[PDB]
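Enquirer: Output the structure for:
(2 chains)
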Number of protein chains: 2
Amino acid sequence: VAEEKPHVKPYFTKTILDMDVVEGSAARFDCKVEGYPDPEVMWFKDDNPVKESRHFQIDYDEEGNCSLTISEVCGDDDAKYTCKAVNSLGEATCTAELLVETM
Amino acid sequence: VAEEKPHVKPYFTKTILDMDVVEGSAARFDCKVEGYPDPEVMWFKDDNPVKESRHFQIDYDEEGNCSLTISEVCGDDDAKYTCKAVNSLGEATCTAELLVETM
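Expert: Numbers count the residues shown, from 1 in each chain, chains lettered A, B, ... in the order given. Shown next is the protein structure:
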């Protein structure tokens, strides 16, 4: 006797918000994704894919908690960020901006 | 560039609690399951499988919200209920009792 999750396209329960940050400091974008089969997630920086690095920390829970941490924000980090969640049935996206503050 | 959820055995963020109910009335058991690949869920009534019926309503979200609704509780419903969540890596179970109250 066995129940399986329902089929549903991806959706954000929480989306990434616009943030301002001081040069040198660190910034984190937070979202939370729902959907099944569990979506795949990709981050973009200005139309460009984001590859995980020392500057770009990305994590993605079993709970759907998805995140992007920028370690010491530079000028080059000023941009519009995107999270695309996709699965068999669809796509969901959210976008936000990073304004690298200069003192 | 694509991230997939982490591999993790099933686990209950919330478990079913013991409940008392008046004959005739309705009762609901609520749990919430985490894990990936998303677990399969089965309910039992006293060591016995529970097949969805008119008396036994079962629902299971994409969010892992899992539930058992008994429509008009009878004497035959007095028992110890169980939710077993299983996936490639393991099992999780929670148990509760239904005490069918007589006035």
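
Enquirer: Now do the same contact list for residue A:98.
Expert: Going by CB atoms under 8 Å, 6 or more residues apart in numbering or on different chains, residue A:98 touches A:19-21, A:27, A:70, A:73, A:77-81. To be clear about C-beta, it is placed using only N, CA and C from the backbone, and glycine gets the same treatment.

Enquirer: What subset of these is buried?
Expert: By the neighbour-count criterion of 16 or more other CB atoms under 10 Å in any protein chain shown, the contacts of residue A:98 include these buried positions: A:19, A:21, A:27, A:70, A:73, A:77-79, A:81.

Enquirer: mind listing what the most centrally placed residue in chain A touches?
Expert: The centroid of chain A falls nearest to residue A:83 when counting by CA atoms, centre = their mean (4.2 Å). Counting by CB under 8 Å, 6+ apart, residue A:83 touches A:12, A:16, A:29, A:31, A:33, A:41-44, A:66, A:68, A:93-95.

Enquirer: Partner strands of the longest strand that chain A contains, with direction?
Expert: The strand spanning the most residues in chain A, taking DSSP state E as the definition, is strand A:90-101. Within its sheet, strand A:90-101 is paired with strand A:19-22 (parallel), strand A:79-87 (antiparallel), according to DSSP bridges.

Enquirer: Near chain B, which residues of chain A are found?
Expert: Listed as neighbours of chain B in chain A under the rule CB under 8 Å from any CB of the partner chain: A:1-6, A:8, A:34-38, A:40-43, A:49-51, A:58, A:60-64, A:66.

Enquirer: Filter these down to the buried ones, ChimeraX style.
Expert: Selection of buried members from the residues of chain A next to chain B for ChimeraX, criterion 16+ other CB under 10 Å:
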select /A:3,5,8,34,35,36,37,38,40,41,42,43,50,58,60,62,63,64,66
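
Enquirer: which residue ranges form the helices in chain A?
Expert: Ranges of helices within chain A: none, based on DSSP state H.

Enquirer: ranges for the strands of it?
Expert: Going by DSSP E, chain A shows strands at A:8-14, A:19-22, A:27-36, A:40-45, A:48-49, A:56-60, A:65-70, A:79-87, A:90-101.

Enquirer: mind checking which of these is nearest residue B:87?
Expert: Nearest of the strands of chain A to residue B:87, taken as CB to CB: strand A:27-36 at 13.3 Å.

Enquirer: so what strands line up beside the closest one?
Expert: Checking strand A:27-36 against DSSP bridges gives partners strand A:8-14 (antiparallel), strand A:65-70 (antiparallel).
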